[PDB]
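Since the structure comes first, as structure tokens, the remarks are kept for the end.
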Amino acid sequence: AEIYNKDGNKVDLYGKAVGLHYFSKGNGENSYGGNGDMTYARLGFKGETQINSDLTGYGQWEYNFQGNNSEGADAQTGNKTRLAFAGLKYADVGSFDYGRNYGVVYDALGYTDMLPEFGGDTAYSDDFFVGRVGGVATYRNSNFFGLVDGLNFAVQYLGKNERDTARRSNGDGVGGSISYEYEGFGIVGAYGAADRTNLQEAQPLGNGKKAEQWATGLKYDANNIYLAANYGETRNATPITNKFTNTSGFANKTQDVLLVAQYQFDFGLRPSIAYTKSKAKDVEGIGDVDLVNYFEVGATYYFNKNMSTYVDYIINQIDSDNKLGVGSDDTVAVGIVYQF
Amino acid sequence: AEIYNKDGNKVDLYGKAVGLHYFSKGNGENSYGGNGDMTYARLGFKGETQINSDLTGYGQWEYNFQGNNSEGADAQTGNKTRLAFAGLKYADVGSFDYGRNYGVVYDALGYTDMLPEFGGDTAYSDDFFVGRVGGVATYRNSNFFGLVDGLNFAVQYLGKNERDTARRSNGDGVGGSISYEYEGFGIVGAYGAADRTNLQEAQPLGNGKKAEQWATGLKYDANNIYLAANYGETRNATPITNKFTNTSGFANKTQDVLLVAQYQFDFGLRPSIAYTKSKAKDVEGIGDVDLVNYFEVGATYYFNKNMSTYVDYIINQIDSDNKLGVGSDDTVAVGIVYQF
Amino acid sequence: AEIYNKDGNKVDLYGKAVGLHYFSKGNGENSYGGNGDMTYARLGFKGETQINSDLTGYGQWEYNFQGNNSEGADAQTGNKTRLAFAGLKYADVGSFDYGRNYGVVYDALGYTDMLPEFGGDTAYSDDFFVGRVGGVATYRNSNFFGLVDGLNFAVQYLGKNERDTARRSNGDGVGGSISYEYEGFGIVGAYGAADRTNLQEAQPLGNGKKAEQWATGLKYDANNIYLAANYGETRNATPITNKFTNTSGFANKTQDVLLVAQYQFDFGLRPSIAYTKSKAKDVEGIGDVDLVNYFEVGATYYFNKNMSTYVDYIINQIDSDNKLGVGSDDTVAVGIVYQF
């Protein structure tokens with residue numbers, strides 16, 4: 001909600017209260033998303049200032065508060081700053097912003113990440129170029145310097161993040177994306193390469209000094225119709241876990257496919273169907289394994305721009321004898337969303 | 001303070017900064033409230049959207065930030081999300097919201113929870129139905145479908161919360177309440193029952209598979225006069241600790257009595273007196289023992305709807321040879337509250 | 001940014017997004033400020049209500065969110081409530097506020113705490129009277145009861161904080177400050193003394209029952225010119241660490257000197273240079289040793305009151321053979337800041 005607009009500076013204070021519960025069979029240890037309350041809140045601000053007729057400065061912040069914790073010792077469990085950056089936009093030159101913002105490959109992955117609750121399974125947080133990540137400087141250009149309508153591109157530099165855990169770690173990297181839109185159609189390709197930290201190589205699973213992520217996408221977004229497809233490959237880049245041996249790390253190679261089909265009825269209903277297959281190869285001791293594999297059917301009901309409820313049903317295709325101990329049970333989400 | 005109201009949606013951004021100090025003799029280890037700085041801040045949003053003439057949507061979030069912590073490792077000690085839910089309200093049919101909201105029995109306990117700082121001692125956080133608690137879907141209905149002015153009631157369903165601590169866990173449960181008000185008078189009855197977790201039974205104190213909490217209240221609230229009385233009973237639900245044996249759990253049976261008397265003077269002062277006695281029975285190894293027992297004297301001075309100060313003196317009736325090692329000393333609070 | 005003004009209460013919601021990166025050779029520990037991503041965000045409210053034509057009430061809250069953390073287990077590392085207090089201001093009597101607020105000695109140190117990124121090394125967090133501290137009660141008076149323009153003073157009481165770390169602990173104490181300004185010029189003096197906790201004496205470094213901090217400053221702040229000079233001494237108060245022995249504590253005596261020179265060009269540039277030397281004496285086992293010693297050159301370019309960028313280069317004079325293992329390398333900061 002824009003709550004300040006004066007002297008060439010505007011501040012939108014946005015957020016939401018999302019009441020949410022997951023239902024899966026048994027306890028749901030062996031399920032896709034789990035079982036129980038998943039209620040949460042978002043808060044964030046978008047600030048934008050007009051420095052002059054061509055030049056804009058801006059900054060955005062966003063925090064996820066969890067609401068399924070007690071007021072006890074676990075009060076902070078799952079709270080996080082999701083976004084935190086600042087940047088400039090100048091004429092038809094382009095924009096540059098630095099901080100913790102989504103990685104360049106998500107430019108593609110965003111295409112299919114449209115589901116009521118789930119989906120976009122391959123957009124892991126702090127996972128190099130496929131998701132939200134600290135320490136990125138990104139340059140973007142719209143309509144190619146004002147000469148080509150619909151031609152966007154971006155080059156991203158990834159700063160080194162040597163953390164205590166291997167999962168949230170990354171080396172220095174470079175990435176990019178190119179996208180074209182014309183009359184409802186959209187095509188995007190994105191690729192990133194990065195150094196791996198020593199701490200990541202010292203891990204049981206995954207082998208290489210270089211992580212590589214690339215993805216392409218197609219979409220049709222018009223007349224209440226949304227269709228989307230993502231295909232991607234990763235080299236030493238998808239985080240994975242062996243549930244039997246209790247070891248952690250990355251998959252040597254993965255192939256990811258996402259399909260999304262949604263229709264927006266005028267009366268409030270937006271039924272959604274989807275398909276996801278993320279498969280790994282060369283997982284040490286295990287080899288080839290499916291990390292993600294499901295059909296999804298769901299629907300969001302929009303009361304208006306501020307209120308919605310949805311049901312998101314994940315039909316698991318993963319087999320109970322999954323070599324990586326991946327959950328095989330189905331999971332259902334029921335959400336009611338106030339936002340501003 | 002309502003800081004956005006446009007296109008049929010309003011957002012009230014409220015919070016407070018409460019400078020607060022506790023005074024007990026010595027270390028205040030052996031007292032009711034403790035000794036030292038207790039400064040805190042609250043921040044939150046109450047959002048409401050008008051969907052159509054009968055149907056309103058809403059969502060609320062609320063956070064407690066502690067200010068008596070350093071900027072070191074304990075910076076987070078006592079910060080927590082208090083409220084986080086979303087819901088719908090339809091005509092004279094009623095309202096429904098899901099998430100973290102006050103438990104149903106609070107509808108009774110709210111009558112006596114009116115003190116400047118302390119009081120309402122039997123409304124423990126994460127204690128099934130008497131205080132703020134995770135995972136509740138609540139139906140409330142005012143004036144009985146619009147057919148009976150003043151007759152409100154509510155039914156609450158409590159989701160299972162298997163946490164790391166027994167204190168902060170709860171099983172599956174259901175509760176309900178009925179209140180009637182007429183020309184200053186108010187009467188309320190409330191009752192809830194719920195399953196207990198394994199981790200809760202594996203505690204030294206308390207025996208049963210079922211938690212039960214009920215409370216009733218009478219009150220007169222008119223012409224600057226506030227009177228309130230609560231009586232309630234609990235079975236295997238009230239959290240307790242043995243300070244000697246260092247053992248934890250719930251009391252098998254408790255009886256709670258709270259009286260509150262306040263008058264609001266027009267020149268700003270609101271002197272308050274209260275009495276609280278919460279005693280337990282069938283406490284393993286001890287039997288009958290008083291958990292809470294004090295008379296309270298205090299006064300709050302309102303500068304305005306945004307500024308106040310108070311002094312709250314707790315005269316403890318608990319004896320120093322309390323079988324559960326409960327504090328016997330008095331505690332005084334000095335508060336200055338800015339709010340919006 | 002003022003976002004509410006109705007019925008005699010105003011609420012300014014302020015905060016920022018600071019994209020920031022640190023540059024030092026190698027990993028970062030043997031440097032001044034470190035190496036890698038340091039993006040952070042602030043959020044806060046300043047509230048003020050008019051009770052009547054003479055009496056004003058106010059409250060402020062301010063929080064730091066870190067953005068250089070992952071979304072894993074380290075999500076909260078470096079987040080903190082910086083400010084949390086409430087107070088009153090009455091006519092020409094003066095103002096009084098309680099909570100977690102800046103120490104009184106900061107009234108002096110503020111003259112020099114003006115660099116684009118670093119500087120103000122003697123404004124330690126939770127360090128009695130030289131930095132932000134919980135449980136302080138301050139009375140302040142401007143223009144000496146309104147009779148003498150430019151003559152301001154403050155008296156501050158520091159409440160006891162028996163915490164887990166000697167670094168973040170403090171006993172009961174008293175402090176004060178007096179400042180006078182005339183036609184661009186300013187002079188300020190401040191002094192505070194306090195009891196030390198048992199846990200603080202039980203530390204290896206530092207000897208005494210009374211901690212003492214005092215500091216004076218001169219400044220000229222007019223016609224785009226900013227100059228500042230600060231000199232101070234501490235007794236058993238500056239937190240210090242032996243990097244070789246992994247021992248922590250306080251320096252028995254410190255002498256601190258700070259110089260700051262800045263000029264604000266009308267076209268947007270504000271170059272800043274500084275000098276800071278904080279050296280300790282009678283440090284157990286070592287004796288005399290330098291804690292802080294550098295020359296600084298940097299510049300902030302202001303796009304407007306909402307957007308700015310800076311480069312701040314620290315030239316460390318600290319020796320690689322520092323007896324306390326204090327980093328000896330230089331550090332460069334690069335920042336881009338949106339604020340409101």
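Following the order of the structure tokens, chains are lettered A, B, ..., residues in each are numbered from 1, and ligands are numbered from 1.
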
Original post:
Which residues come within 8 Å of residue 106 of chain B, counting only C-alpha atoms, excluding same-chain residues fewer than 2 positions away, as a PyMOL selection string?
Top reply: chain B and resi 102-104+108-110+123+129-131

With chain C as the partner and 9 Å as the cut-off, tabulate the residues of chain B that qualify, each row holding the nearest pair of atoms and their distance in Å to one decimal, using only C-alpha atoms, sorted by chain and rising number, as a Markdown table.
| residue | atom | partner | partner_atom | distance |
| --- | --- | --- | --- | --- |
| B:1 | CA | C:4 | CA | 7.1 |
| B:2 | CA | C:4 | CA | 7.8 |
| B:3 | CA | C:4 | CA | 6.2 |
| B:16 | CA | C:59 | CA | 7.8 |
| B:17 | CA | C:59 | CA | 5.7 |
| B:18 | CA | C:86 | CA | 6.2 |
| B:19 | CA | C:99 | CA | 4.8 |
| B:20 | CA | C:99 | CA | 7.1 |
| B:21 | CA | C:135 | CA | 8.0 |
| B:36 | CA | C:160 | CA | 7.0 |
| B:37 | CA | C:135 | CA | 5.5 |
| B:38 | CA | C:135 | CA | 8.1 |
| B:39 | CA | C:99 | CA | 5.7 |
| B:40 | CA | C:84 | CA | 6.6 |
| B:41 | CA | C:84 | CA | 6.6 |
| B:65 | CA | C:81 | CA | 7.2 |
| B:66 | CA | C:81 | CA | 7.3 |
| B:67 | CA | C:84 | CA | 5.6 |
| B:68 | CA | C:134 | CA | 5.5 |
| B:69 | CA | C:134 | CA | 7.1 |
| B:70 | CA | C:168 | CA | 6.2 |
| B:71 | CA | C:80 | CA | 5.7 |
| B:72 | CA | C:168 | CA | 6.9 |
| B:73 | CA | C:77 | CA | 8.4 |
| B:74 | CA | C:164 | CA | 8.4 |
| B:75 | CA | C:80 | CA | 5.6 |
| B:76 | CA | C:80 | CA | 7.1 |
| B:303 | CA | C:51 | CA | 6.4 |
| B:304 | CA | C:51 | CA | 6.8 |
| B:306 | CA | C:49 | CA | 6.6 |
| B:307 | CA | C:57 | CA | 6.5 |
| B:335 | CA | C:98 | CA | 9.0 |
| B:336 | CA | C:86 | CA | 6.3 |
| B:337 | CA | C:86 | CA | 6.2 |
| B:338 | CA | C:59 | CA | 5.3 |
| B:339 | CA | C:59 | CA | 7.6 |
| B:340 | CA | C:47 | CA | 7.8 |

**OP:** Write out as a PyMOL selection string the residues lying within 6 Å of residue 197 of chain A, counting only C-alpha atoms and excluding same-chain residues fewer than 3 positions away.
**Re:** chain A and resi 170-171+200

Atoms to include: C-alpha atoms. Write the selected residues as a PDB file, in the first residue's frame.
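Result written to again.pdb:
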ATOM      1  CA  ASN A 170      28.686 -19.817  -2.498  1.00  0.00           C
ATOM      2  CA  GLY A 171      31.773 -18.496  -4.304  1.00  0.00           C
ATOM      3  CA  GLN A 200      31.134 -27.374  -0.372  1.00  0.00           C
TER       4      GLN A 200
END

**OP:** Would you mind reading off the distance between atom CA of residue 239 of chain B and atom CA of residue 188 of chain B, one decimal, in Å?
**Re:** 23.9 Å
